[PDB]
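Neighbour counts run over all protein chains shown; Cβ positions are idealised from the backbone, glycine included. Rule-based calculations on the coordinates, nothing more; no lab input.
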Amino acid sequence: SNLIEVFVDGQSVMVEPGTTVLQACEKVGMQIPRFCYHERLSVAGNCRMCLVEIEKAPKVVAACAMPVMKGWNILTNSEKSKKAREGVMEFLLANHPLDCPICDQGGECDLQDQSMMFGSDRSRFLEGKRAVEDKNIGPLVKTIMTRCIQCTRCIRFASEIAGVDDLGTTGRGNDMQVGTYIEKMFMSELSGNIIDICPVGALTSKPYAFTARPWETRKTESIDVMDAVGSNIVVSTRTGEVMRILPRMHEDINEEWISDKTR
Amino acid sequence: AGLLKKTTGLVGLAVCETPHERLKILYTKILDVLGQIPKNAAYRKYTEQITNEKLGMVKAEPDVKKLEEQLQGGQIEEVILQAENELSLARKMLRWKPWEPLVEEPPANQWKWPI
Amino acid sequence: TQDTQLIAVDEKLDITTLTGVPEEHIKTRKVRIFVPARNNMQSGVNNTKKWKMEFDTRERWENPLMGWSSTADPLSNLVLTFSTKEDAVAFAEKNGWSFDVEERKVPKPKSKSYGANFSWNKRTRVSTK
Amino acid sequence: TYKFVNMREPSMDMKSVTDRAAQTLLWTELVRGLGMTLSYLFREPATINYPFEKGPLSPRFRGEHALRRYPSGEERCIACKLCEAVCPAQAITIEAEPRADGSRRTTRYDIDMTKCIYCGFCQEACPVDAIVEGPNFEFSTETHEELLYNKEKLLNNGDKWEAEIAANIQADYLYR
Amino acid sequence: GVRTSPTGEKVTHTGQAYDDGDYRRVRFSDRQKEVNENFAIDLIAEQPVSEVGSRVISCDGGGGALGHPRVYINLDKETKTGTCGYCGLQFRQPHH
Amino acid sequence: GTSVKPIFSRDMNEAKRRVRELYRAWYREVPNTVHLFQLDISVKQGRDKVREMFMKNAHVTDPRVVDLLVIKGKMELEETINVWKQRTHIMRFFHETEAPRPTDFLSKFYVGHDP
Amino acid sequence: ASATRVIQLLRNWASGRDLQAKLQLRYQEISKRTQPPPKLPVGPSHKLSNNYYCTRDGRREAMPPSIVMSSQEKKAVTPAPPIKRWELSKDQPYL
Amino acid sequence: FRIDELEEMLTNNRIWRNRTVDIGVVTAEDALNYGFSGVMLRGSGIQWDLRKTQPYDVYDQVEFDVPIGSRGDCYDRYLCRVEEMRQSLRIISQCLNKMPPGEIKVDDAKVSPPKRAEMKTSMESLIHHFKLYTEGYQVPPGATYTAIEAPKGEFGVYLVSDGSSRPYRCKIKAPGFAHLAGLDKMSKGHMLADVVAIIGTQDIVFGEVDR
Amino acid sequence: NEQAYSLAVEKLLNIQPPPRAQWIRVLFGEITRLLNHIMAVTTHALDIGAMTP
Amino acid sequence: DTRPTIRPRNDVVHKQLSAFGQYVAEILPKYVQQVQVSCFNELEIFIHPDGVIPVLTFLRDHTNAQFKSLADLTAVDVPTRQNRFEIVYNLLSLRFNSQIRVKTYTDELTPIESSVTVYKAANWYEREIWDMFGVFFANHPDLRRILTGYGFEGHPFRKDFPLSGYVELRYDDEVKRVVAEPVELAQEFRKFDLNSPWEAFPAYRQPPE
Ligand code: SF4
Ligand code: SF4
Ligand code: SF4
Ligand code: SF4
Ligand code: FES
Ligand SMILES: [K+]
Ligand SMILES: [Zn+2]
């Protein structure tokens, strides 16, 4: 047909033309660490953690938004790729505030996990960090915007998924702040899902706020009954008590989102 | 041998006052047993090689102290002990017959160890 | 080729009585196998690449002392991993637990292109980055 | 290298055999030990007068757990639950909550002393030096329930053994 | 502050207080319900609001390495007082 | 697949034979273990417990499984005979301190959530 | 917990040694228990430059077990060269 | 000065030897097949010691002689233990004199917790400590049998890790297990006082054999 | 025992302890050797009858 | 040096052990299935069960092999594989000091022949496996239960066996003895969900399908 052969660090795979590099790597099993690309959301190439080395290519390219071409052995584990990941994360993890014991994302932070896997083990940041004032956007989402990494996932979720285009960015440079400028009231029926798209604890669940560290809660699959949609969910229960409800992936019922009423 | 060594140093075995003929007879016996073993078996090749080498050196050098040195097996008593064990092994697996191909393959993925 | 006095044994293994599990734990308990869905709070994937089996949750009462989570069933915090669901189901039947099967849900591969973020007429044009 | 321990075979001259016969008959090594023990009898007895005098300790001594607090009086524990995830015996249990002020303190913080194995893992895990093990070892109790501590009991422990813990931490934080 | 229950028991800083029937009060007869008086809720409120004049303020909780991890709170909002999440001291701009 | 390796017994008949003298030994044992261990069990209510335990695994039909139960009962027999076992372990089969457990669905509903 | 010379000579003669050189006791010679604050050193990879973890990871630089032979004229080889013989003790060969 | 003091009380004493000398001999050949290790081997006469042949850590740079037994009996093993005391003192002197300047934990923070100073000041150290005490260092998949010369005998761990934050199976080779396994052949005609003189240099603590 | 377990663990990790860590390890393992041999000899003498050692 | 933290690599021992692995593979092709040497210089031999006695004897007796010490004997239960239980024999050489490992597989019922004769140390170790994994050993001199309590059931190290077991024991005055009761914990074991969902080691990645 039209399937083009593309190597990944050696072995070759059959790839549909127009497929991004990261999807081609996922076809084998190895996954690019990312913060800006969500599978069911538009791409932005923003986190720059999606950088990877193309074989016989001078500069690394972003696997999030890169139409793969003929051949193109994807050197996932190349030394230059590791160095690019290290530097990009060092930049990401410079102004990040020292809230891991106090941030609810702790233990399932993504950023923490990438630091464990592909990141340094010491900080050379000798200067002061940046602090951003909090913008309240509801009794439903806890907001600590000094922890944000400007991955723009919340903005794209607001624009495409929810459709309420009120969550945006402000300013420029390192003082760029993602929020609502006006003290507006983000009250869509899908607002709670932003808690699960934010890689860091910048946006969290207010009702559940610091009730359990998520490495303790057992997870049991079930079905939402608040609506006739019957969205697949997972109940996180610790010590014989329900803490919260998270969306389960189904691709036919609820994708990976649930309503705030369900959540 | 001059003054025969009193104790080898290991209490599990005593001193053989006439070790050279012991090396000779045990080596000849195990060479016979390997002569039994079919030619194609790699065991016969390897063991005949090492044993004919050992017999050559023991019949060449008649000083016991140098015999241990070029025999790299410590005191001659543990050497004839190991020779008896080698004889026993060859005899025991004469009828075990391991030269045949593998009995059967392991079932599917029985050795991969990421789970 | 592997002569050890082999005997055709058609009926499936009944190691149940060998395992020592009590009668009501081997009969009443219902175990399900599944691929654990990834935590939506994370984008990591390598936790939905195995077949885990877990048992029905039982009573969880609070002790009079500190309101702890004392329970009675020992096979509550017990989860077993398996490479393929066939191994898991074989283990389940041979042990004798009533088993339930859920198929391995995997993400459908969607066509994604950055050129969709902009357009001349398509609705897919973004409004902010 | 190695040394043979017992190959010193004896000689057989008249002097050596007479000496050995005397030692066997006129018990000598017997008298040797009998006189050594006498030397230990007249020595200074090693004995510490408990409880008037206590054994020497070190600033790192691991003992009764306690919950410290900041100089302002606010408890240091922010309920990160790191200590609960660390305790090999799972003797620690926390329930957290958004307090009236807001600071995420523990609704429940109990350490099961009978489950605890006194390792000091909790204190080294604590990122705010909230949980610590005080120098106290004199808490042998009568009832099993007395050992099962509570959040209030831990706070009282941190408020009783406090100058101790502050002084020990001041003398040990550089090592750790 | 510590207050007495309608039964007479001393309430805790978490708000725990065994109710009227509440058969689990025989544990306290011939004994006492151990409660700590030094409530952390109010022992941080009376502390003065620091008036350091800069946009973003560092806080380690005092004692340097002995304090909490260094956090940079933002003294930006004019309508409230910034506070370090770990310790709780309220920091504010000196009325701009 | 269907072909498998035995432990001792070739067919249901010979394993059926092994359980026979296992019950033989248990029968001849029960009275003098009652006497030796100072059991509060009586002779008849000793034998019927053996009978009920033998009937407990009535459903087993795989041979190898039958060899496994017979050898485990053999270990049980050695543990009992030479007084390695203790009186409490002997009583363990008899459920004294264990309260009676209801069977009907109605009592199960009355007690608590349990199938 | 030193003694009289009359007893001091009695215990030494009974013990057949000069034990005053070192007793099982421990007097003022012990280390002080108020040592100054020690400035602890650092490790090798403490520089702020050329400390890339890619060229320093140990866990990541571990390959799977190298397969030698699978079910799917060389001479005889020993697992190790024969171990040599140790030397006798120069200080005290025989106790 | 007290090690020799113990020696003089026990070594040359008539009844310490008589109760112990040449009771329960163990043949050197039959010792190693029985899985015996440590002084149990050295008492019989095999020149084997993991501290020298397979030197873990810096034991190779340390000079020391081992006590090698003569008759393989109880008394030879006891003398080997005491000479091991003395060689231990010599080793202690050697390591005391030559300790180098350096850190205490591996500089790599992903496997060892970071120092408390960078904990409370640096992002990387905070995250690494949080995950290390939350998850821990995930170990690459693989199986090892690590053995050292524990004072009882050779002590080993068969640690097999699947490739996650948790181990898959650790097995304990304790020096006393094979010892008690062979304890039947150990005493085959000696009196009861002899079997209790045997379990002494058998030095069997019932915390590791039993696991 | 801690030396054995730790050595296994960072053998898996292809990591070596710093030299000072090795020296502390061997010094304290030898102190442990002294402790354990004292156990064996003294308790053995206790069984045999000797109480003073 | 440049790598002060990474453990030293000893390739000479690796090549020499690989040579001996080819040796032992050629000598006994009947039972050997797959020999490989780990990165940290530790060789493992995967043999068919029927070779428990022969291969070990060849490793115990052969002049050029010379392994007479049973360091330990262990089973590693893994429910996934068809024959769940795998038995590891650890041998140490004296003349040619080195550590070798031979590994065999068996399920719950298919017996595996008992070494004992090849290594009389195996006996107690042997019993442990039977008393701890259910792996019965053919013609073992005395395969009685060794570690667990009297009249026990199951085999605890089986991964399906619960951590807390099934039955505790305690005093009962009603019968004036220690009695066994079904498990009822005072506080349940919290099973923490470790093993972060991000890939750790790209080298050991499982191939797809
Ligand atoms: S969101 Fe920020 S503060 Fe929270 S765990 Fe992640 S890095 Fe730490
Ligand atoms: S607030 Fe959260 S989702 Fe939005 S850009 Fe920042 S990190 Fe991303
Ligand atoms: S010492 Fe502290 S952290 Fe360690 S087990 Fe005991 S209570 Fe838990
Ligand atoms: S580690 Fe310290 S701060 Fe965290 S929960 Fe435990 S005591 Fe509180
Ligand atoms: S995926 Fe490359 S930056 Fe978001
Ligand atoms: K989030
Ligand atoms: Zn603060």
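Worth a mention:
- Chain D - mean residue ellipticity at 222 nm from DSSP helices (-39,500 (n - 2.57) per run, n ≥ 4, rounded to 500): -9000 deg cm²/dmol
- The fraction of all Cα pairs in chain F landing in successive 10 Å bins from 0 to the largest distance is 11, 34, 26, 20, 8, given as whole percents.
- Estimated FRET transfer efficiency (D:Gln90, A:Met176; beta-carbon r; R0 45 Å; 0.05): 0.50
- Amide hydrogen proximity for C:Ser98: with H placed 1.01 Å from N in the peptide plane, the residues at 5 or more positions away or on another chain lying under 5 Å are C:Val31.
- Peptide H:58-71 shows a mean partner chain C-beta count of 6 within 10 Å per residue C-beta.
- Mean projected area (nm²) of the alpha-carbon convex hull when the stretch A:1-55 is viewed from all directions: 4.3
- For E:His13, H:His128, G:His46, the sequence from fewest to most other C-beta atoms within 10 Å is G:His46, E:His13, H:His128.
- Inter-centroid distance (Cα atoms) of the stretch D:1-17 relative to the stretch J:113-152, Å: 46
- Across peptide E:78-85, the average count of Cβ atoms from other chains found within 10 Å of a residue's Cβ is 3.
- Cα-based Rg and Dmax for chain D, where Dmax is the largest Cα-Cα distance (Å): 28.7, 98
- In percent, rounded to a whole number, the relative contact order of chain D is 23, using alpha-carbon pairs under 8 Å and six or more apart.
- Phi to ³J(HN,Hα) by Karplus 6.51 cos²θ - 1.76 cosθ + 1.60 over the stretch A:4-11, Hz, x for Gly, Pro: 9, 7, 9, 7, 10, 5, x, 3
- Under the Debye formula (equal points on every Cα, no solvent term), log10 I(q)/I(0) of the stretch G:19-95 at q = 0.15 Å⁻¹: -0.95
- Rg and Dmax [Cα atoms of chain H; Å; Rg one decimal, Dmax integer]: 22.0, 70
- Residue exposure sequence - J:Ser93, G:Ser70, D:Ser11, H:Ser37 - by fewest surrounding Cβ within 10 Å: D:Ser11, G:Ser70, J:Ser93, H:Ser37
- Cross-link pairs beyond the 26 Å C-alpha cut-off, checked among D:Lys54/D:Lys160; D:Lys3/J:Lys68; A:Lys27/A:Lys80; C:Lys108/H:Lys131; B:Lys92/J:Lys15: C:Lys108/H:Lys131; B:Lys92/J:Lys15
- Peptide J:36-44, shielding by other chains (average Cβ, 10 Å cutoff): 6
- Karplus-derived 3J(HN,Hα), 6.51/-1.76/1.60, for each residue of the stretch F:8-13, Hz, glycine and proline x: 10, 7, 8, 9, 4, 5
- Applying the Karplus relation 6.51 cos²θ - 1.76 cosθ + 1.60 with θ = phi - 60° to the stretch J:121-129 yields 3J(HN,Hα) values of 6, 4, 2, 4, 3, 3, 3, 3, 4 Hz, where x marks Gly and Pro.
- Computed [θ] at 222 nm, helices only, for chain J once each DSSP H run of length n ≥ 4 contributes -39500 (n - 2.57): -6000 deg cm²/dmol
- Calculated FRET efficiency for the pair C:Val126/D:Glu97, C-beta based, R₀ 56 Å, to 0.05: 0.85
- The percentage of C-alpha pairs in chain A whose separation is greater than 34 Å is 24%.
- Mean shadow area of the stretch J:108-209, taken as a quarter of the surface of its Cα convex hull (nm²): 12.4
- Label-zone membership for the stretch F:12-50, site C:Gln5, 7 angstrom Cα→C-beta point, backbone N under 15 Å: F:12-18
- Exposure proxy for D:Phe4, J:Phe137: other Cβ atoms within 10 Å of each Cβ, ordered fewest to most, give D:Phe4, J:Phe137.
- Relative contact order computed over chain A (Cα-Cα under 8 Å; 6+ residues apart), in percent: 14
- Sparse-neighbourhood loop sites, GluC sites (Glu not before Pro) in the stretch E:25-96 - DSSP loop, at most 13 other Cβ within 10 angstrom: E:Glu37, E:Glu46, E:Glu51, E:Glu78
- When the alpha-carbon atoms of the protein assembly as shown are used, the pair Rg, Dmax equals 36.0, 123 angstrom.
- Between the stretch A:136-156 and the stretch B:1-68, the alpha-carbon center distance in angstrom: 82
- Cross-link reach is defined here as a Cα-Cα straight distance under 21 Å, omitting same-chain residues fewer than 8 places apart; for F:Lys108 the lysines meeting it are C:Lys27, C:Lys30.
- The calculated FRET efficiency for the pair J:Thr2 and E:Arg55, based on their C-beta separation and a Förster distance of 41 Å, comes to about 0.40.
- Distance between modelled label sites at F:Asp11 and E:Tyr18, nm, 7 Å Cα→Cβ extension: 7.2
- Span from the the stretch F:51-115 Cα centroid across to the the stretch H:59-120 one, whole angstrom: 53
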